[PDB]
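As structure tokens, one chain now follows by itself in the form deposited in one PDB entry.
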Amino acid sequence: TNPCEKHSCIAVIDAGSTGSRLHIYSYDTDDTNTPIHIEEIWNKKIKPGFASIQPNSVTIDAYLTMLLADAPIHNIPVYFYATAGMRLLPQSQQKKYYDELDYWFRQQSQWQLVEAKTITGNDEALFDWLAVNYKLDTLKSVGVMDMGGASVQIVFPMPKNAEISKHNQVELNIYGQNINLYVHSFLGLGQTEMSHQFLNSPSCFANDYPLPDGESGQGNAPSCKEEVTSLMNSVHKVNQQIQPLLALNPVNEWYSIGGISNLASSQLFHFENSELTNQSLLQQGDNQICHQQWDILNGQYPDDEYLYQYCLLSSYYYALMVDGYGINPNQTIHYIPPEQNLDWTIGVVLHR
């Protein structure tokens, strides 16, 4: 039975840097017409990222058709929201994608496209916080981090302030509560973009890993983390931007979504209760990957295509959270299990 016959349904597409995810949600609304009882009734992922394909009609039509063809239900509103992958492209180039995508939607009737656009990382951060808090049942101090492929977001409660950019603040009324959040997104600090600066760094790879430029890995996670910290703080000034704010607005519980949940759940790392600490993350990466002999390690774990980057990723998450955001290395960080497929798209259901 189609839930959309009897309940509001929308489709939200998270067009992320590494792939697009369609979610169809059914929901009801309460007496202020705010969604409740939100349920995902369909999901479909496809790779690669929308911003990575050629922006011509044949390629874009094929991608959208592949994304939507097996949806059991249709004739519902669609929000197509691209994130940091598309943010990396100039307007002129993004325009080619949206002109072809708009045309494809206009030329068909199975989906009612509401909006297709690149959202800002600040909007993305708001959606991240709403989606995680919706799932946690908190909406009736929680910080959220989304560790993406091309950007990362951080978002936490902070009273409305005149000294910070209006761009970095959002005020929300949800289930009759007033909420003010600081939002920030760091474009270029997502895992794929960041990693392109460190691929010839021997400290960031297992011993004897073959670096692209012919040297050998000689892994050491505290050294690799220091290198990544220079990108975080000397280049993007993460610490200068975030730490004074977290100082004055401490966060009681941290939740993370994005690639860190895949790292933490992989067979190389050992965490309980879907949570980690930065100290443990760094140590595990240092001892289980950085200090291992690559050939031997690669032979032991042949079915993890991310294995080669784990010394770097563990060092990078520590640099970002501890040296960037100022989070205590012993503070618990909850991550949402990957099986949940949780991205920010719930936040779009809610806001609107």
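Position 1 is the first residue in the sequence shown; the rest follow in order. What we label the rigid core is the largest C-alpha set whose atoms superpose within 1.5 Å from one form to the other.
One more form of this protein exists, namely the form deposited in another entry; it is left out here, but the text below deals with it.
Only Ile73, out of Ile73, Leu89, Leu231, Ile174, shows a C-alpha shift of 2 Å or more between this form and the one not shown on alignment of the rigid core. The rigid-core alignment places the CA of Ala62 2 Å or more apart between this form and the one not shown. With a cut-off of 2 Å and the rigid core superposed, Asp123 has a Cα displacement that falls short of the cut-off between this form and the one not shown. After superposition on the rigid core, the Cα atom of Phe198 is displaced by less than 2 Å between this form and the one not shown.
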